[PDB]
>>> print(open('data.pdb').read())   # PDB, C-alpha atoms and all ligand atoms
ATOM      1  CA  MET A   1       3.344  -1.590 -12.136
ATOM      2  CA  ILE A   2       0.871  -4.102 -10.718
ATOM      3  CA  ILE A   3       1.037  -4.517  -6.941
ATOM      4  CA  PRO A   4      -1.052  -7.470  -5.691
ATOM      5  CA  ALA A   5      -2.323  -6.986  -2.135
ATOM      6  CA  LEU A   6      -3.723  -8.957   0.800
ATOM      7  CA  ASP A   7      -5.506  -7.854   3.964
ATOM      8  CA  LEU A   8      -4.687 -10.033   6.965
ATOM      9  CA  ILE A   9      -6.508 -10.492  10.271
ATOM     10  CA  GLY A  10      -5.028 -13.046  12.659
ATOM     11  CA  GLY A  11      -3.393 -14.816   9.735
ATOM     12  CA  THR A  12      -6.656 -15.004   7.808
ATOM     13  CA  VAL A  13      -6.858 -13.503   4.321
ATOM     14  CA  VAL A  14      -9.979 -11.344   4.449
ATOM     15  CA  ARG A  15     -11.797  -8.574   2.592
ATOM     16  CA  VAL A  16     -12.850  -5.140   3.851
ATOM     17  CA  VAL A  17     -14.553  -2.002   2.558
ATOM     18  CA  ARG A  18     -12.624   1.074   3.668
ATOM     19  CA  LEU A  19     -14.463   4.159   4.907
ATOM     20  CA  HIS A  20     -13.534   7.160   7.063
ATOM     21  CA  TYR A  24     -14.210  -0.103   7.909
ATOM     22  CA  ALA A  25     -15.643  -3.573   8.520
ATOM     23  CA  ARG A  26     -14.743  -7.117   7.493
ATOM     24  CA  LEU A  27     -16.863  -8.667   4.745
ATOM     25  CA  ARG A  28     -15.645 -12.170   3.894
ATOM     26  CA  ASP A  29     -12.898 -14.690   4.759
ATOM     27  CA  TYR A  30     -10.853 -16.277   1.996
ATOM     28  CA  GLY A  31      -8.572 -18.615   3.951
ATOM     29  CA  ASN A  32      -5.505 -18.976   6.165
ATOM     30  CA  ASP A  33      -2.848 -19.827   3.577
ATOM     31  CA  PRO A  34      -1.549 -16.463   2.298
ATOM     32  CA  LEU A  35       1.874 -17.645   1.113
ATOM     33  CA  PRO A  36       0.855 -19.830  -1.856
ATOM     34  CA  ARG A  37      -1.287 -16.918  -3.074
ATOM     35  CA  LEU A  38       1.698 -14.574  -2.760
ATOM     36  CA  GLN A  39       4.094 -17.088  -4.297
ATOM     37  CA  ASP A  40       1.883 -17.538  -7.348
ATOM     38  CA  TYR A  41       1.480 -13.757  -7.610
ATOM     39  CA  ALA A  42       5.253 -13.408  -7.968
ATOM     40  CA  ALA A  43       5.412 -16.343 -10.372
ATOM     41  CA  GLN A  44       3.072 -14.485 -12.734
ATOM     42  CA  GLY A  45       5.504 -11.571 -12.838
ATOM     43  CA  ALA A  46       4.485  -9.213 -10.029
ATOM     44  CA  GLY A  47       7.400  -7.085  -8.842
ATOM     45  CA  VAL A  48       5.974  -5.719  -5.593
ATOM     46  CA  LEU A  49       3.636  -7.315  -3.050
ATOM     47  CA  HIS A  50       1.456  -5.373  -0.601
ATOM     48  CA  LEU A  51       0.367  -6.527   2.865
ATOM     49  CA  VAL A  52      -2.008  -4.875   5.325
ATOM     50  CA  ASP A  53      -1.700  -5.918   8.972
ATOM     51  CA  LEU A  54      -5.255  -5.167  10.107
ATOM     52  CA  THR A  55      -4.543  -6.901  13.415
ATOM     53  CA  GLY A  56      -1.588  -4.682  14.245
ATOM     54  CA  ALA A  57      -3.664  -1.746  13.005
ATOM     55  CA  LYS A  58      -6.122  -1.804  15.918
ATOM     56  CA  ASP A  59      -3.434  -2.766  18.410
ATOM     57  CA  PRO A  60       0.302  -2.739  17.776
ATOM     58  CA  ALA A  61       1.005  -5.255  20.596
ATOM     59  CA  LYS A  62      -0.741  -7.865  18.451
ATOM     60  CA  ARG A  63       1.345  -7.101  15.360
ATOM     61  CA  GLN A  64       1.670 -10.248  13.265
ATOM     62  CA  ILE A  65       5.448 -10.045  12.996
ATOM     63  CA  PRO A  66       6.006 -13.851  12.793
ATOM     64  CA  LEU A  67       3.622 -14.196   9.837
ATOM     65  CA  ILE A  68       5.217 -11.248   8.042
ATOM     66  CA  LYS A  69       8.783 -12.592   8.220
ATOM     67  CA  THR A  70       7.342 -15.896   7.017
ATOM     68  CA  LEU A  71       5.619 -14.354   3.991
ATOM     69  CA  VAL A  72       8.559 -12.048   3.252
ATOM     70  CA  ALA A  73      11.089 -14.887   3.204
ATOM     71  CA  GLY A  74       8.594 -16.907   1.164
ATOM     72  CA  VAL A  75       8.872 -14.619  -1.863
ATOM     73  CA  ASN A  76      11.775 -13.040  -3.744
ATOM     74  CA  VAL A  77      10.238  -9.623  -4.428
ATOM     75  CA  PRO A  78      10.049  -6.446  -2.290
ATOM     76  CA  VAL A  79       7.087  -6.427   0.102
ATOM     77  CA  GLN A  80       5.049  -3.477   1.387
ATOM     78  CA  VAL A  81       3.412  -3.658   4.810
ATOM     79  CA  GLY A  82       1.017  -1.182   6.414
ATOM     80  CA  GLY A  83      -1.404  -0.843   9.304
ATOM     81  CA  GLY A  84      -0.663   0.445  12.787
ATOM     82  CA  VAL A  85       2.748   1.890  11.963
ATOM     83  CA  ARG A  86       2.691   4.783  14.420
ATOM     84  CA  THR A  87       6.136   4.821  16.046
ATOM     85  CA  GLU A  88       9.785   4.565  14.975
ATOM     86  CA  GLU A  89      10.200   1.152  16.616
ATOM     87  CA  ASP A  90       7.355  -0.192  14.467
ATOM     88  CA  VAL A  91       9.224   0.826  11.318
ATOM     89  CA  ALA A  92      12.404  -0.782  12.642
ATOM     90  CA  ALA A  93      10.533  -3.916  13.724
ATOM     91  CA  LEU A  94       9.120  -4.340  10.223
ATOM     92  CA  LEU A  95      12.442  -3.628   8.509
ATOM     93  CA  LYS A  96      14.050  -6.268  10.743
ATOM     94  CA  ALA A  97      11.306  -8.646   9.578
ATOM     95  CA  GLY A  98      12.495  -8.175   6.000
ATOM     96  CA  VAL A  99       9.926  -5.627   4.855
ATOM     97  CA  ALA A 100      11.103  -3.450   1.950
ATOM     98  CA  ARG A 101       8.730  -0.486   2.398
ATOM     99  CA  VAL A 102       6.701   0.591   5.418
ATOM    100  CA  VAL A 103       3.350   2.375   5.141
ATOM    101  CA  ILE A 104       2.959   5.114   7.749
ATOM    102  CA  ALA A 105      -0.458   5.441   9.398
ATOM    103  CA  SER A 106      -2.255   8.768   8.960
ATOM    104  CA  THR A 107      -2.414   9.109  12.749
ATOM    105  CA  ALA A 108       1.344   9.659  12.978
ATOM    106  CA  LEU A 109       1.069  12.606  10.578
ATOM    107  CA  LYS A 110      -0.244  14.747  13.440
ATOM    108  CA  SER A 111       3.391  14.960  14.548
ATOM    109  CA  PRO A 112       5.327  15.959  11.393
ATOM    110  CA  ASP A 113       8.595  16.629  13.250
ATOM    111  CA  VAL A 114       8.510  13.055  14.551
ATOM    112  CA  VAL A 115       7.831  11.554  11.114
ATOM    113  CA  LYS A 116      10.457  13.746   9.427
ATOM    114  CA  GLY A 117      12.955  12.122  11.781
ATOM    115  CA  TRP A 118      12.068   8.707  10.365
ATOM    116  CA  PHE A 119      12.850   9.889   6.833
ATOM    117  CA  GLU A 120      16.262  11.120   7.984
ATOM    118  CA  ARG A 121      17.115   7.801   9.642
ATOM    119  CA  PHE A 122      15.559   5.069   7.489
ATOM    120  CA  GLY A 123      15.671   7.035   4.252
ATOM    121  CA  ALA A 124      12.830   7.826   1.872
ATOM    122  CA  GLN A 125      12.908   4.568  -0.091
ATOM    123  CA  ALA A 126      11.784   2.620   2.980
ATOM    124  CA  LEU A 127       8.786   4.790   3.870
ATOM    125  CA  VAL A 128       5.388   5.205   2.204
ATOM    126  CA  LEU A 129       2.915   7.912   3.241
ATOM    127  CA  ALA A 130      -0.779   7.065   2.860
ATOM    128  CA  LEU A 131      -3.615   9.421   1.902
ATOM    129  CA  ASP A 132      -7.344   9.070   1.187
ATOM    130  CA  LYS A 141      -6.810  13.825  -1.588
ATOM    131  CA  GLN A 142      -6.129  14.602   2.075
ATOM    132  CA  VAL A 143      -6.264  13.397   5.673
ATOM    133  CA  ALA A 144      -9.295  14.412   7.739
ATOM    134  CA  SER A 152      -6.092  19.239  11.505
ATOM    135  CA  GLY A 153      -6.641  18.592   7.807
ATOM    136  CA  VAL A 154      -3.526  17.616   5.879
ATOM    137  CA  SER A 155      -3.972  18.354   2.172
ATOM    138  CA  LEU A 156      -1.777  16.784  -0.505
ATOM    139  CA  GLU A 157       0.135  20.016  -1.120
ATOM    140  CA  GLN A 158       0.629  20.575   2.607
ATOM    141  CA  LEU A 159       1.942  17.026   2.940
ATOM    142  CA  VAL A 160       4.336  17.437   0.011
ATOM    143  CA  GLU A 161       5.714  20.713   1.397
ATOM    144  CA  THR A 162       6.243  19.012   4.758
ATOM    145  CA  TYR A 163       8.211  15.984   3.577
ATOM    146  CA  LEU A 164       9.801  17.144   0.313
ATOM    147  CA  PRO A 165      12.843  18.497   2.220
ATOM    148  CA  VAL A 166      13.358  14.939   3.528
ATOM    149  CA  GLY A 167      13.029  13.414   0.065
ATOM    150  CA  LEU A 168       9.408  12.221  -0.086
ATOM    151  CA  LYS A 169       9.062   9.749  -2.952
ATOM    152  CA  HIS A 170       6.266   7.261  -2.290
ATOM    153  CA  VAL A 171       2.624   8.184  -1.698
ATOM    154  CA  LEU A 172      -0.365   5.831  -1.466
ATOM    155  CA  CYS A 173      -3.750   7.190  -2.566
ATOM    156  CA  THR A 174      -6.883   5.294  -1.531
ATOM    157  CA  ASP A 175     -10.516   5.799  -2.571
ATOM    158  CA  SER A 185     -14.072   8.014 -12.321
ATOM    159  CA  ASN A 186     -10.993   9.536 -10.667
ATOM    160  CA  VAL A 187      -8.735   9.112 -13.698
ATOM    161  CA  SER A 188      -8.873  12.896 -14.080
ATOM    162  CA  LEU A 189      -7.493  13.570 -10.601
ATOM    163  CA  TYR A 190      -4.629  11.114 -11.099
ATOM    164  CA  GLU A 191      -3.708  12.953 -14.296
ATOM    165  CA  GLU A 192      -3.321  16.199 -12.360
ATOM    166  CA  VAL A 193      -1.484  15.067  -9.219
ATOM    167  CA  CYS A 194       1.022  12.989 -11.211
ATOM    168  CA  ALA A 195       1.676  15.877 -13.579
ATOM    169  CA  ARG A 196       1.993  18.305 -10.660
ATOM    170  CA  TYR A 197       4.467  16.233  -8.643
ATOM    171  CA  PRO A 198       6.784  14.423 -11.108
ATOM    172  CA  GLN A 199       9.169  13.541  -8.261
ATOM    173  CA  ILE A 200       6.499  11.550  -6.433
ATOM    174  CA  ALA A 201       5.724   7.940  -7.318
ATOM    175  CA  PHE A 202       1.987   7.664  -6.705
ATOM    176  CA  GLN A 203       0.325   4.392  -5.751
ATOM    177  CA  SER A 204      -3.368   3.944  -6.468
ATOM    178  CA  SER A 205      -5.498   1.791  -4.183
ATOM    179  CA  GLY A 206      -9.150   0.819  -4.556
ATOM    180  CA  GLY A 207     -11.408   1.279  -7.558
ATOM    181  CA  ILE A 208     -10.134  -1.946  -9.109
ATOM    182  CA  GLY A 209     -12.910  -4.447  -9.802
ATOM    183  CA  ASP A 210     -12.530  -4.958 -13.541
ATOM    184  CA  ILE A 211      -9.686  -5.322 -16.051
ATOM    185  CA  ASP A 212     -10.756  -2.011 -17.614
ATOM    186  CA  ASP A 213     -10.092  -0.158 -14.354
ATOM    187  CA  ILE A 214      -6.402  -0.932 -14.825
ATOM    188  CA  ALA A 215      -6.482   0.226 -18.450
ATOM    189  CA  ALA A 216      -7.965   3.510 -17.237
ATOM    190  CA  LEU A 217      -4.971   4.392 -15.064
ATOM    191  CA  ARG A 218      -2.543   3.212 -17.741
ATOM    192  CA  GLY A 219      -1.671   6.698 -18.988
ATOM    193  CA  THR A 220      -2.454   8.868 -15.968
ATOM    194  CA  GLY A 221       1.113   8.828 -14.659
ATOM    195  CA  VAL A 222       0.503   6.409 -11.798
ATOM    196  CA  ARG A 223       3.634   4.333 -11.171
ATOM    197  CA  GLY A 224       1.947   1.531  -9.219
ATOM    198  CA  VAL A 225      -1.552   0.081  -8.983
ATOM    199  CA  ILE A 226      -2.670  -1.907  -5.939
ATOM    200  CA  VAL A 227      -4.982  -4.813  -6.776
ATOM    201  CA  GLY A 228      -6.669  -6.872  -4.067
ATOM    202  CA  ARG A 229     -10.227  -8.225  -4.174
ATOM    203  CA  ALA A 230     -10.357  -8.549  -7.970
ATOM    204  CA  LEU A 231      -7.747 -11.304  -7.768
ATOM    205  CA  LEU A 232      -9.408 -13.070  -4.828
ATOM    206  CA  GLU A 233     -12.715 -12.936  -6.706
ATOM    207  CA  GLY A 234     -11.121 -14.336  -9.843
ATOM    208  CA  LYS A 235     -12.138 -11.457 -12.117
ATOM    209  CA  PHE A 236      -8.688 -11.792 -13.670
ATOM    210  CA  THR A 237      -5.148 -12.897 -12.823
ATOM    211  CA  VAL A 238      -1.898 -11.058 -12.140
ATOM    212  CA  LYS A 239      -0.587 -12.192 -15.529
ATOM    213  CA  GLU A 240      -3.530 -10.564 -17.308
ATOM    214  CA  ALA A 241      -3.322  -7.468 -15.099
ATOM    215  CA  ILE A 242       0.348  -6.984 -15.978
ATOM    216  CA  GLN A 243      -0.166  -7.573 -19.708
ATOM    217  CA  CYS A 244      -2.957  -4.992 -19.654
ATOM    218  CA  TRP A 245      -0.933  -2.527 -17.583
ATOM    219  CA  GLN A 246       2.229  -2.948 -19.664
ATOM    220  CA  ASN A 247       0.320  -2.694 -22.952
TER
HETATM  221 NA    NA B   1       3.686  -4.918 -13.647
HETATM  222 NA    NA B   2      12.198 -13.152   0.703
END
>>> encode(input="data.pdb", output="structure tokens")
Amino acid sequence: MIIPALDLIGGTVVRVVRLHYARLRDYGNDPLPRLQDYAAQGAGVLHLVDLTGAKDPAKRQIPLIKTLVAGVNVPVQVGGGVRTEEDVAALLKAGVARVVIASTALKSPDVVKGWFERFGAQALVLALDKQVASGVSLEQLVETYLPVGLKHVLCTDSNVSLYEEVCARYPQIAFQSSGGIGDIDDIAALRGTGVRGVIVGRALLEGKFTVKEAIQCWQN
């Protein structure tokens, strides 16, 4: 499916370029109408990235998140700075449907495996860049969290070939693709790779296309 996304810093909708990251451009301070229109066009899942809470969890934009969550009627994914069990609970209590676990927390697998046992697997999403650079490869990650029902994995950046393999290898894992979306053809490329969800951010803010077009292309 198509999962529209927004990166937020201090309530400001911004744009970044992720590496092993810096802000590029501001787009405004009214995220809700953008999210509300996204859902109106038929989007079924919305994605949010708390970049503020990412660099410091004490400055987690909880109030904005509960505002945006209650503002739409579709499940909402939030990531960035989720490094402890209380952070997952705090977000769930804010209305968040799925929480994206930071790669930092993966250094303590026994701690993270405890979160899966409590909150369940449908509420957690593990993020990967495919591995984490103490290197955690995709297979090593799967073996670690398959006994606790791993289901959702977020892969971030001509990689259509790789997505064909990983999705065929792990049919029990719903893979989410992030990055590499700047044109309507990029969505058509992942259409038959087995990816269950495509994250689209800057292409919408730039006006390359709309969510309605993205969905029609994806569902074609
Ligand atoms: Na869709
Ligand atoms: Na809501």
>>> residues_near_ligand(input="data.pdb", ligand="ligand NA 1 (chain B)", cutoff="9 Å", atoms="only C-alpha atoms and all ligand atoms", output="compact mmCIF listing (two decimals) with C-alpha atoms, in the frame of the given file")
# COMPACT_ATOMS: atom_id res chain seq x y z
CA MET A 1 3.34 -1.59 -12.14
CA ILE A 2 0.87 -4.10 -10.72
CA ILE A 3 1.04 -4.52 -6.94
CA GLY A 45 5.50 -11.57 -12.84
CA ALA A 46 4.49 -9.21 -10.03
CA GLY A 47 7.40 -7.08 -8.84
CA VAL A 48 5.97 -5.72 -5.59
CA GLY A 224 1.95 1.53 -9.22
CA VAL A 225 -1.55 0.08 -8.98
CA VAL A 238 -1.90 -11.06 -12.14
CA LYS A 239 -0.59 -12.19 -15.53
CA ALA A 241 -3.32 -7.47 -15.10
CA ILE A 242 0.35 -6.98 -15.98
CA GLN A 243 -0.17 -7.57 -19.71
CA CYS A 244 -2.96 -4.99 -19.65
CA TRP A 245 -0.93 -2.53 -17.58
CA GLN A 246 2.23 -2.95 -19.66
>>> residues_near_point(input="data.pdb", point="(-7.2, -14.8, 4.3)", cutoff="8 Å", atoms="only C-alpha atoms", output="CSV table (one decimal) with C-alpha atoms, in the coordinates of the input")
chain,number,residue,atom,x,y,z
A,6,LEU,CA,-3.7,-9.0,0.8
A,7,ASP,CA,-5.5,-7.9,4.0
A,8,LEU,CA,-4.7,-10.0,7.0
A,9,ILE,CA,-6.5,-10.5,10.3
A,11,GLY,CA,-3.4,-14.8,9.7
A,12,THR,CA,-6.7,-15.0,7.8
A,13,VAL,CA,-6.9,-13.5,4.3
A,14,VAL,CA,-10.0,-11.3,4.4
A,15,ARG,CA,-11.8,-8.6,2.6
A,29,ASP,CA,-12.9,-14.7,4.8
A,30,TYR,CA,-10.9,-16.3,2.0
A,31,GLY,CA,-8.6,-18.6,4.0
A,32,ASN,CA,-5.5,-19.0,6.2
A,33,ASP,CA,-2.8,-19.8,3.6
A,34,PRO,CA,-1.5,-16.5,2.3
>>> atom_distance(input="data.pdb", atom1="atom CA of residue A:187", atom2="atom CA of residue A:101")
25.6 Å
>>> atom_distance(input="data.pdb", atom1="atom CA of residue A:120", atom2="atom CA of residue A:104")
14.6 Å
>>> residues_near_ligand(input="data.pdb", ligand="ligand NA 2 (chain B)", cutoff="8 Å", atoms="all atoms listed in the file", output="JSON list (two decimals) with C-alpha atoms, in the frame of the given file")
[["chain", "number", "residue", "atom", "x", "y", "z"],
["A", 71, "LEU", "CA", 5.62, -14.35, 3.99],
["A", 72, "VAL", "CA", 8.56, -12.05, 3.25],
["A", 73, "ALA", "CA", 11.09, -14.89, 3.20],
["A", 74, "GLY", "CA", 8.59, -16.91, 1.16],
["A", 75, "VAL", "CA", 8.87, -14.62, -1.86],
["A", 76, "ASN", "CA", 11.78, -13.04, -3.74],
["A", 77, "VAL", "CA", 10.24, -9.62, -4.43],
["A", 78, "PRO", "CA", 10.05, -6.45, -2.29],
["A", 98, "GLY", "CA", 12.50, -8.18, 6.00]]
>>> residues_around(input="data.pdb", residues="stretch 168-171 of chain A", least_positions_apart="3", cutoff="8 Å", atoms="all atoms listed in the file", output="VMD selection string")
chain A and resid 124 to 125 127 to 131 160 163 to 165 199 to 203
>>> closest_residue(input="data.pdb", among="A:153, A:91, A:213, A:112", to="residue A:166", atoms="all atoms listed in the file")
A:112
>>> closest_residue(input="data.pdb", among="A:217, A:61, A:56, A:195", to="residue A:81", atoms="all atoms listed in the file")
A:56
>>> resolve_selection(input="data.pdb", expression="the PyMOL selection byres (((chain A and resi 88) around 9) and not hetatm)", output="NGL selection string")
:A and (85-87 or 89-93 or 114-115 or 117-118)
>>> write_last_selection(input="data.pdb", atoms="C-alpha atoms", output="PDB file, keeping the file's coordinate frame")
ATOM      1  CA  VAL A  85       2.748   1.890  11.963  1.00  0.00           C
ATOM      2  CA  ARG A  86       2.691   4.783  14.420  1.00  0.00           C
ATOM      3  CA  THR A  87       6.136   4.821  16.046  1.00  0.00           C
ATOM      4  CA  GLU A  89      10.200   1.152  16.616  1.00  0.00           C
ATOM      5  CA  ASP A  90       7.355  -0.192  14.467  1.00  0.00           C
ATOM      6  CA  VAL A  91       9.224   0.826  11.318  1.00  0.00           C
ATOM      7  CA  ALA A  92      12.404  -0.782  12.642  1.00  0.00           C
ATOM      8  CA  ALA A  93      10.533  -3.916  13.724  1.00  0.00           C
ATOM      9  CA  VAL A 114       8.510  13.055  14.551  1.00  0.00           C
ATOM     10  CA  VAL A 115       7.831  11.554  11.114  1.00  0.00           C
ATOM     11  CA  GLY A 117      12.955  12.122  11.781  1.00  0.00           C
ATOM     12  CA  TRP A 118      12.068   8.707  10.365  1.00  0.00           C
TER      13      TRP A 118
END
>>> closest_residue(input="data.pdb", among="A:116, A:96, A:37, A:218", to="residue A:66", atoms="all atoms listed in the file")
A:96
>>> axis_aligned_box(input="data.pdb", around="stretch 48-62 of chain A", padding_each_side="5 Å", output="JSON")
{"center_x": -0.1, "center_y": -4.8, "center_z": 7.5, "size_x": 22.1, "size_y": 16.1, "size_z": 36.2}
>>> resolve_selection(input="data.pdb", expression="the PyMOL selection byres (((chain A and resi 210) around 12) and not hetatm)", output="NGL selection string")
:A and (206-209 or 211-216 or 227-231 or 233-237 or 240-241 or 244)
>>> resolve_selection(input="data.pdb", expression="the PyMOL selection byres (((chain A and resi 51) around 7) and not hetatm)", output="mmCIF file with C-alpha atoms, in the frame of the given file")
data_model
loop_
_atom_site.group_PDB
_atom_site.id
_atom_site.type_symbol
_atom_site.label_atom_id
_atom_site.label_comp_id
_atom_site.auth_asym_id
_atom_site.auth_seq_id
_atom_site.Cartn_x
_atom_site.Cartn_y
_atom_site.Cartn_z
ATOM 1 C CA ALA A 5 -2.323 -6.986 -2.135
ATOM 2 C CA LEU A 6 -3.723 -8.957 0.800
ATOM 3 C CA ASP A 7 -5.506 -7.854 3.964
ATOM 4 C CA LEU A 49 3.636 -7.315 -3.050
ATOM 5 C CA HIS A 50 1.456 -5.373 -0.601
ATOM 6 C CA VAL A 52 -2.008 -4.875 5.325
ATOM 7 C CA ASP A 53 -1.700 -5.918 8.972
ATOM 8 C CA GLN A 80 5.049 -3.477 1.387
ATOM 9 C CA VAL A 81 3.412 -3.658 4.810
ATOM 10 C CA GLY A 82 1.017 -1.182 6.414
#
>>> atom_distance(input="data.pdb", atom1="atom CA of residue A:24", atom2="atom CA of residue A:83")
12.9 Å
>>> closest_residue(input="data.pdb", among="A:28, A:106, A:167, A:191", to="residue A:154", atoms="only C-alpha atoms")
A:106
>>> closest_residue(input="data.pdb", among="A:10, A:232, A:69, A:41", to="residue A:54", atoms="all atoms listed in the file")
A:10
